[PDB]
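**Q** What follows is upload06.pdb, PDB, C-alpha atoms (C1' of nucleotides).
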MODEL        1
ATOM      1  CA  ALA A 109      15.160 -52.870   0.343  1.00  0.00           C
ATOM      2  CA  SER A 110      12.732 -50.006   0.983  1.00  0.00           C
ATOM      3  CA  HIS A 111      14.751 -46.812   1.206  1.00  0.00           C
ATOM      4  CA  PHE A 112      11.779 -44.689   2.243  1.00  0.00           C
ATOM      5  CA  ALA A 113      13.098 -42.762   5.231  1.00  0.00           C
ATOM      6  CA  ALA A 114      11.714 -39.875   7.220  1.00  0.00           C
ATOM      7  CA  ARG A 115      14.090 -36.910   7.278  1.00  0.00           C
ATOM      8  CA  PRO A 116      12.431 -34.140   9.276  1.00  0.00           C
ATOM      9  CA  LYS A 117      13.457 -30.558   8.650  1.00  0.00           C
ATOM     10  CA  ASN A 118      13.435 -29.639  12.344  1.00  0.00           C
ATOM     11  CA  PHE A 119      12.910 -25.908  12.055  1.00  0.00           C
ATOM     12  CA  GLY A 120      14.770 -23.969  14.718  1.00  0.00           C
ATOM     13  CA  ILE A 121      15.842 -20.392  15.247  1.00  0.00           C
ATOM     14  CA  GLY A 122      19.051 -20.854  13.303  1.00  0.00           C
ATOM     15  CA  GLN A 123      18.665 -24.166  11.549  1.00  0.00           C
ATOM     16  CA  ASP A 124      16.568 -24.646   8.423  1.00  0.00           C
ATOM     17  CA  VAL A 125      14.472 -22.624   6.030  1.00  0.00           C
ATOM     18  CA  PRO A 126      11.031 -22.704   7.646  1.00  0.00           C
ATOM     19  CA  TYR A 127       7.796 -23.503   5.935  1.00  0.00           C
ATOM     20  CA  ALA A 128       5.767 -20.494   4.901  1.00  0.00           C
ATOM     21  CA  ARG A 129       3.869 -19.104   7.895  1.00  0.00           C
ATOM     22  CA  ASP A 130       0.490 -17.403   7.959  1.00  0.00           C
ATOM     23  CA  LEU A 131       1.358 -13.712   8.133  1.00  0.00           C
ATOM     24  CA  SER A 132      -2.251 -12.570   8.237  1.00  0.00           C
ATOM     25  CA  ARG A 133      -1.956 -10.749  11.545  1.00  0.00           C
ATOM     26  CA  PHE A 134       1.332  -9.010  10.837  1.00  0.00           C
ATOM     27  CA  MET A 135       0.666  -8.417   7.167  1.00  0.00           C
ATOM     28  CA  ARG A 136       0.182  -4.930   5.829  1.00  0.00           C
ATOM     29  CA  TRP A 137      -3.455  -4.788   4.902  1.00  0.00           C
ATOM     30  CA  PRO A 138      -4.856  -2.279   2.426  1.00  0.00           C
ATOM     31  CA  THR A 139      -5.839   1.084   3.779  1.00  0.00           C
ATOM     32  CA  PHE A 140      -9.543   0.404   4.146  1.00  0.00           C
ATOM     33  CA  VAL A 141      -9.068  -2.956   5.867  1.00  0.00           C
ATOM     34  CA  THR A 142      -6.954  -1.738   8.762  1.00  0.00           C
ATOM     35  CA  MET A 143      -9.341   1.191   8.893  1.00  0.00           C
ATOM     36  CA  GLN A 144     -12.609  -0.757   9.190  1.00  0.00           C
ATOM     37  CA  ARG A 145     -11.019  -2.765  11.998  1.00  0.00           C
ATOM     38  CA  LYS A 146      -9.554   0.083  14.026  1.00  0.00           C
ATOM     39  CA  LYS A 147     -12.912   1.844  13.820  1.00  0.00           C
ATOM     40  CA  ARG A 148     -14.387  -1.083  15.686  1.00  0.00           C
ATOM     41  CA  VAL A 149     -11.621  -0.926  18.267  1.00  0.00           C
ATOM     42  CA  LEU A 150     -12.479   2.701  19.032  1.00  0.00           C
TER      43      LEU A 150
ATOM     44  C1'   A B   1      29.703 -19.354  25.498  1.00  0.00           C
ATOM     45  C1'   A B   2      36.309 -16.172  23.132  1.00  0.00           C
ATOM     46  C1'   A B   3      36.701 -16.034  17.755  1.00  0.00           C
ATOM     47  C1'   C B   4      39.727 -17.766  13.663  1.00  0.00           C
ATOM     48  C1'   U B   5      35.244 -17.913   6.119  1.00  0.00           C
ATOM     49  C1'   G B   6      31.694 -25.665   4.502  1.00  0.00           C
ATOM     50  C1'   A B   7      26.367 -26.781   3.151  1.00  0.00           C
ATOM     51  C1'   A B   8      20.964 -25.731   3.823  1.00  0.00           C
ATOM     52  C1'   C B   9      14.951 -23.928  -1.047  1.00  0.00           C
ATOM     53  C1'   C B  10      10.958 -26.060  -4.534  1.00  0.00           C
ATOM     54  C1'   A B  11       8.823 -31.893   2.512  1.00  0.00           C
ATOM     55  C1'   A B  12      10.566 -36.460   3.788  1.00  0.00           C
ATOM     56  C1'   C B  13       7.327 -39.156   6.659  1.00  0.00           C
ATOM     57  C1'   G B  14       3.089 -40.595   9.652  1.00  0.00           C
ATOM     58  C1'   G B  15      -2.784 -40.836  10.258  1.00  0.00           C
ATOM     59  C1'   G B  16      -8.134 -41.327   8.462  1.00  0.00           C
ATOM     60  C1'   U B  17      -8.350 -36.670  -0.967  1.00  0.00           C
ATOM     61  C1'   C B  18      -8.308 -34.322   4.015  1.00  0.00           C
ATOM     62  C1'   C B  19      -5.506 -33.772   9.077  1.00  0.00           C
ATOM     63  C1'   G B  20      -0.633 -33.712  10.943  1.00  0.00           C
ATOM     64  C1'   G B  21       4.460 -32.864  10.306  1.00  0.00           C
ATOM     65  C1'   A B  22       4.647 -26.896  11.261  1.00  0.00           C
ATOM     66  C1'   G B  23       0.166 -26.312  19.049  1.00  0.00           C
ATOM     67  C1'   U B  24      -4.780 -23.651  19.078  1.00  0.00           C
ATOM     68  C1'   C B  25      -7.448 -19.133  20.409  1.00  0.00           C
ATOM     69  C1'   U B  26      -8.466 -13.152  19.274  1.00  0.00           C
ATOM     70  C1'   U B  27     -13.202  -7.927  23.545  1.00  0.00           C
ATOM     71  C1'   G B  28      -9.715  -6.975  16.815  1.00  0.00           C
ATOM     72  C1'   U B  29      -4.034  -2.285  17.348  1.00  0.00           C
ATOM     73  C1'   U B  30       2.021  -4.108  12.315  1.00  0.00           C
ATOM     74  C1'   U B  31       5.701  -4.001  16.349  1.00  0.00           C
ATOM     75  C1'   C B  32       8.473  -0.991  19.946  1.00  0.00           C
ATOM     76  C1'   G B  33       8.946   3.674  23.125  1.00  0.00           C
ATOM     77  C1'   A B  34       6.347   7.890  25.083  1.00  0.00           C
ATOM     78  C1'   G B  35       1.097   9.192  26.207  1.00  0.00           C
ATOM     79  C1'   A B  36      -3.454  12.621  27.690  1.00  0.00           C
ATOM     80  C1'   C B  37       1.769  15.053  28.424  1.00  0.00           C
ATOM     81  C1'   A B  38       4.014  18.268  24.493  1.00  0.00           C
ATOM     82  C1'   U B  39       8.494  19.334  20.134  1.00  0.00           C
ATOM     83  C1'   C B  40       0.854  17.729  18.373  1.00  0.00           C
ATOM     84  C1'   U B  41      -3.436  21.183  15.736  1.00  0.00           C
ATOM     85  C1'   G B  42      -5.815  25.887  15.112  1.00  0.00           C
ATOM     86  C1'   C B  43      -7.146  30.676  16.810  1.00  0.00           C
ATOM     87  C1'   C B  44      -6.468  34.671  20.551  1.00  0.00           C
ATOM     88  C1'   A B  45      -2.695  37.226  23.779  1.00  0.00           C
ATOM     89  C1'   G B  46       2.296  39.411  25.491  1.00  0.00           C
ATOM     90  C1'   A B  47       7.667  39.604  25.337  1.00  0.00           C
ATOM     91  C1'   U B  48      11.801  39.605  22.415  1.00  0.00           C
ATOM     92  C1'   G B  49      13.057  40.971  17.421  1.00  0.00           C
ATOM     93  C1'   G B  50      18.300  45.874  12.190  1.00  0.00           C
ATOM     94  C1'   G B  51      17.330  39.094  10.574  1.00  0.00           C
ATOM     95  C1'   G B  52      13.914  42.102   7.141  1.00  0.00           C
ATOM     96  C1'   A B  53      10.486  46.558   5.367  1.00  0.00           C
ATOM     97  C1'   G B  54       8.911  51.820   4.925  1.00  0.00           C
ATOM     98  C1'   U B  55      10.431  56.741   5.847  1.00  0.00           C
ATOM     99  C1'   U B  56      12.981  60.660   8.150  1.00  0.00           C
ATOM    100  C1'   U B  57      17.494  62.616   9.860  1.00  0.00           C
TER     101        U B  57
ENDMDL
END
Could you take the file, read its structure, and then write that structure out as structure tokens?
**A**
Amino acid sequence: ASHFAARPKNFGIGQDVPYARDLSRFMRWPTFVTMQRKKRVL
RNA sequence: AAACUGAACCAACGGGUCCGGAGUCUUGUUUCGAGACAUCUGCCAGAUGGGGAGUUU
């Protein structure tokens, strides 16, 4: 009687609370960080 | 897929404490629209201008 059972969250657009995602790209960085990147882009 | 008020968190689990579950990558913007334009910025130039100033009559 082993009741260990997988119960996957199955994240979908409307379904379950997702796991935390890495927001690094869309994050708001401090003023000097976005600035020392953009200066490279130029 | 006309609609007519339910619930969802703090991982279950799988693989060899890590990696999955939850694709990886970055010549780099937070994303979208416009864009070398103008309602952008500064100076120079004209027109208008009793809205306002001075004075005369």
**Q** Using only C-alpha atoms (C1' of nucleotides), pick whichever of B:2, B:55, B:21, B:8 has the shortest atom-to-atom distance to residue A:122.
**A** B:8
**Q** Any chance you could resolve the PyMOL selection byres ((chain A) within 8 of (chain B)) against this file and give the residues as an MDAnalysis selection string?
**A** chainID A and resid 113:117 124:125 127 133:136 145:146 148:149
**Q** Can those selected residues be exported to a file as an mmCIF file, in the coordinates of the input so that it contains C-alpha atoms?
**A**
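Output contents, as saved in selection_12.cif:
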data_model
loop_
_atom_site.group_PDB
_atom_site.id
_atom_site.type_symbol
_atom_site.label_atom_id
_atom_site.label_comp_id
_atom_site.auth_asym_id
_atom_site.auth_seq_id
_atom_site.Cartn_x
_atom_site.Cartn_y
_atom_site.Cartn_z
ATOM 1 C CA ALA A 113 13.098 -42.762 5.231
ATOM 2 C CA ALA A 114 11.714 -39.875 7.220
ATOM 3 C CA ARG A 115 14.090 -36.910 7.278
ATOM 4 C CA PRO A 116 12.431 -34.140 9.276
ATOM 5 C CA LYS A 117 13.457 -30.558 8.650
ATOM 6 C CA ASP A 124 16.568 -24.646 8.423
ATOM 7 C CA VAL A 125 14.472 -22.624 6.030
ATOM 8 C CA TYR A 127 7.796 -23.503 5.935
ATOM 9 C CA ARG A 133 -1.956 -10.749 11.545
ATOM 10 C CA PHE A 134 1.332 -9.010 10.837
ATOM 11 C CA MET A 135 0.666 -8.417 7.167
ATOM 12 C CA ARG A 136 0.182 -4.930 5.829
ATOM 13 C CA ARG A 145 -11.019 -2.765 11.998
ATOM 14 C CA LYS A 146 -9.554 0.083 14.026
ATOM 15 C CA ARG A 148 -14.387 -1.083 15.686
ATOM 16 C CA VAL A 149 -11.621 -0.926 18.267
#
**Q** What gap, in Å, lies between atom CA of residue A:147 and atom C1' of residue B:26?
**A**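 According to the coordinates, atom CA of residue A:147 and atom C1' of residue B:26 are separated by 16.6 Å.
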**Q** For the atom pair atom CA of residue A:119 and atom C1' of residue B:5, what is the interatomic distance in Å to one decimal place?
**A**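 Taking atom CA of residue A:119 as the start and atom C1' of residue B:5 as the end point, the length is 24.5 Å.
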**Q** Put the listed atoms of stretch 4-8 of chain B in a box along x, y and z with 6 Å added on every side and give me the centre and edge lengths in Å to one decimal, as JSON.
**A**
{"center_x": 30.3, "center_y": -22.3, "center_z": 8.4, "size_x": 30.8, "size_y": 21.0, "size_z": 22.5}
**Q** Do you have the atom CA of residue A:123-atom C1' of residue B:19 distance handy?
**A**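 Result for atom CA of residue A:123 versus atom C1' of residue B:19: 26.1 Å, one decimal.
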**Q** Supply stretch 116-135 of chain A as a PDB file, in the coordinates of the input, with N, CA, C and O atoms built in where the input has gaps.
**A**
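The resulting file, rebuild33.pdb, is shown below:
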ATOM      1  N   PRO A 116      13.163 -35.348   8.896  1.00  0.00           N
ATOM      2  CA  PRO A 116      12.431 -34.140   9.276  1.00  0.00           C
ATOM      3  C   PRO A 116      13.305 -32.903   9.213  1.00  0.00           C
ATOM      4  O   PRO A 116      14.492 -32.939   9.537  1.00  0.00           O
ATOM      5  N   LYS A 117      12.697 -31.793   8.792  1.00  0.00           N
ATOM      6  CA  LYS A 117      13.457 -30.558   8.650  1.00  0.00           C
ATOM      7  C   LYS A 117      13.943 -30.068  10.002  1.00  0.00           C
ATOM      8  O   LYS A 117      15.078 -29.601  10.128  1.00  0.00           O
ATOM      9  N   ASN A 118      13.106 -30.178  11.028  1.00  0.00           N
ATOM     10  CA  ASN A 118      13.435 -29.639  12.344  1.00  0.00           C
ATOM     11  C   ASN A 118      13.789 -28.156  12.254  1.00  0.00           C
ATOM     12  O   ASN A 118      14.948 -27.756  12.224  1.00  0.00           O
ATOM     13  N   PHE A 119      12.755 -27.347  12.104  1.00  0.00           N
ATOM     14  CA  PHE A 119      12.910 -25.908  12.055  1.00  0.00           C
ATOM     15  C   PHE A 119      13.297 -25.392  13.430  1.00  0.00           C
ATOM     16  O   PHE A 119      12.671 -25.739  14.432  1.00  0.00           O
ATOM     17  N   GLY A 120      14.336 -24.573  13.478  1.00  0.00           N
ATOM     18  CA  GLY A 120      14.770 -23.969  14.718  1.00  0.00           C
ATOM     19  C   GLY A 120      15.323 -22.595  14.409  1.00  0.00           C
ATOM     20  O   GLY A 120      15.522 -22.253  13.246  1.00  0.00           O
ATOM     21  N   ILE A 121      15.558 -21.808  15.460  1.00  0.00           N
ATOM     22  CA  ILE A 121      15.842 -20.392  15.247  1.00  0.00           C
ATOM     23  C   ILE A 121      16.948 -20.194  14.226  1.00  0.00           C
ATOM     24  O   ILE A 121      16.859 -19.306  13.371  1.00  0.00           O
ATOM     25  N   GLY A 122      17.992 -21.004  14.277  1.00  0.00           N
ATOM     26  CA  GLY A 122      19.051 -20.854  13.303  1.00  0.00           C
ATOM     27  C   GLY A 122      19.240 -21.964  12.293  1.00  0.00           C
ATOM     28  O   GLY A 122      20.234 -21.955  11.565  1.00  0.00           O
ATOM     29  N   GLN A 123      18.314 -22.916  12.208  1.00  0.00           N
ATOM     30  CA  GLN A 123      18.665 -24.166  11.549  1.00  0.00           C
ATOM     31  C   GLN A 123      18.257 -24.188  10.083  1.00  0.00           C
ATOM     32  O   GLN A 123      19.095 -23.980   9.201  1.00  0.00           O
ATOM     33  N   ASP A 124      16.978 -24.396   9.798  1.00  0.00           N
ATOM     34  CA  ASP A 124      16.568 -24.646   8.423  1.00  0.00           C
ATOM     35  C   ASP A 124      15.585 -23.590   7.960  1.00  0.00           C
ATOM     36  O   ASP A 124      14.950 -22.901   8.757  1.00  0.00           O
ATOM     37  N   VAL A 125      15.486 -23.473   6.647  1.00  0.00           N
ATOM     38  CA  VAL A 125      14.472 -22.624   6.030  1.00  0.00           C
ATOM     39  C   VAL A 125      13.100 -23.100   6.490  1.00  0.00           C
ATOM     40  O   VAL A 125      12.726 -24.247   6.206  1.00  0.00           O
ATOM     41  N   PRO A 126      12.342 -22.272   7.189  1.00  0.00           N
ATOM     42  CA  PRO A 126      11.031 -22.704   7.646  1.00  0.00           C
ATOM     43  C   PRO A 126      10.047 -22.812   6.500  1.00  0.00           C
ATOM     44  O   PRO A 126      10.239 -22.252   5.422  1.00  0.00           O
ATOM     45  N   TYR A 127       8.981 -23.542   6.760  1.00  0.00           N
ATOM     46  CA  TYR A 127       7.796 -23.503   5.935  1.00  0.00           C
ATOM     47  C   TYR A 127       7.213 -22.098   5.944  1.00  0.00           C
ATOM     48  O   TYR A 127       7.457 -21.303   6.852  1.00  0.00           O
ATOM     49  N   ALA A 128       6.435 -21.785   4.920  1.00  0.00           N
ATOM     50  CA  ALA A 128       5.767 -20.494   4.901  1.00  0.00           C
ATOM     51  C   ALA A 128       4.726 -20.425   6.012  1.00  0.00           C
ATOM     52  O   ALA A 128       3.926 -21.344   6.195  1.00  0.00           O
ATOM     53  N   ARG A 129       4.737 -19.324   6.749  1.00  0.00           N
ATOM     54  CA  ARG A 129       3.869 -19.104   7.895  1.00  0.00           C
ATOM     55  C   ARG A 129       2.751 -18.149   7.524  1.00  0.00           C
ATOM     56  O   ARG A 129       2.900 -17.297   6.651  1.00  0.00           O
ATOM     57  N   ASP A 130       1.621 -18.285   8.215  1.00  0.00           N
ATOM     58  CA  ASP A 130       0.490 -17.403   7.959  1.00  0.00           C
ATOM     59  C   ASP A 130       0.813 -16.061   8.601  1.00  0.00           C
ATOM     60  O   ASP A 130       0.906 -15.915   9.819  1.00  0.00           O
ATOM     61  N   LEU A 131       0.952 -15.059   7.745  1.00  0.00           N
ATOM     62  CA  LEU A 131       1.358 -13.712   8.133  1.00  0.00           C
ATOM     63  C   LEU A 131       0.166 -12.789   8.318  1.00  0.00           C
ATOM     64  O   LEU A 131       0.318 -11.578   8.442  1.00  0.00           O
ATOM     65  N   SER A 132      -1.033 -13.367   8.282  1.00  0.00           N
ATOM     66  CA  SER A 132      -2.251 -12.570   8.237  1.00  0.00           C
ATOM     67  C   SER A 132      -2.251 -11.471   9.284  1.00  0.00           C
ATOM     68  O   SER A 132      -2.599 -10.328   8.979  1.00  0.00           O
ATOM     69  N   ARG A 133      -1.853 -11.776  10.516  1.00  0.00           N
ATOM     70  CA  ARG A 133      -1.956 -10.749  11.545  1.00  0.00           C
ATOM     71  C   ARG A 133      -0.932  -9.644  11.343  1.00  0.00           C
ATOM     72  O   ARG A 133      -1.230  -8.469  11.572  1.00  0.00           O
ATOM     73  N   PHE A 134       0.263  -9.990  10.905  1.00  0.00           N
ATOM     74  CA  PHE A 134       1.332  -9.010  10.837  1.00  0.00           C
ATOM     75  C   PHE A 134       1.464  -8.412   9.456  1.00  0.00           C
ATOM     76  O   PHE A 134       2.286  -7.518   9.247  1.00  0.00           O
ATOM     77  N   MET A 135       0.644  -8.873   8.536  1.00  0.00           N
ATOM     78  CA  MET A 135       0.666  -8.417   7.167  1.00  0.00           C
ATOM     79  C   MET A 135       0.302  -6.944   7.109  1.00  0.00           C
ATOM     80  O   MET A 135      -0.277  -6.392   8.044  1.00  0.00           O
TER      81      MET A 135
END
